[PDB]
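Report on one structure; see the data block that follows.
Every number in this text was worked out from the coordinates using simple rules, so none of it is lab data. Neighbour counts run over all protein chains shown; Cβ positions are idealised from the backbone, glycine included.
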Amino acid sequence: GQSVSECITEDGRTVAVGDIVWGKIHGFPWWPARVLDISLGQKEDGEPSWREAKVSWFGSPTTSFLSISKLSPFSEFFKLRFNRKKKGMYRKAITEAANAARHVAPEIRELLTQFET
């Protein structure tokens, strides 16, 4: 594919390099990540319609490649995707991501602060 600086997700929102997203891989819940690159399939490719992003997971050492279909914008999907029960690394990642997002999506850190006990 060809790298680009942004694309539109399946829910119709723009995702750009540097943005915070929920990402999905097998064996883990939806997990917050930072977008490092975005790649779009091109007509000479084996699969011209494939599109993906390279992401860095919060609360984690790992970087992964996700189909755009396996990510979503962080704020808009937060209430849906945030697991209120999970502990440890997962909750630390949530905290980091909410803090990172607090200037464009202050509602998330707001919700997390209300939720904490």
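Its relative contact order, with pairs defined as Cα atoms under 8 Å and 6+ residues apart, puts the chain at 23 percent. Axis of helix 106-115 versus longest Cα principal axis of the chain: the two differ by about 40°, to the nearest ten degrees. Report the residue, chosen from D19, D11, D45, that carries the largest GNM mean-square fluctuation when the chain is represented by alpha-carbon nodes joined by springs under 10 Å. So, out of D19, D11, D45, the one fluctuating most is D45. Picking from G59, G41, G18, which is most flexible by a Gaussian network model of the chain using Cα springs under 10 Å? Answer for the Gaussian network model of the chain: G41. Taken about its Cα centre, the chain carries a charge dipole of roughly 700 debye when the Cβ of each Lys and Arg holds +1 and the Cβ of each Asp and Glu holds -1. Mind checking which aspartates and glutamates have their Cα closer than 14 Å to the Cα of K79? Skip sequence neighbours fewer than 8 apart in that chain. Result set, ordered by chain and number: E107, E110. Once the Cα atoms of helix 89-100 and of the chain are each reduced to a long axis, what angle between those two axes, in degrees from 0 to 90 to the nearest 10, is obtained? The angle comes out at about 80 degrees.
When the alpha carbon gyration tensor of the chain is reduced to an equivalent ellipsoid, its three semi-axes come out at 27, 14, 11 angstrom, largest first.
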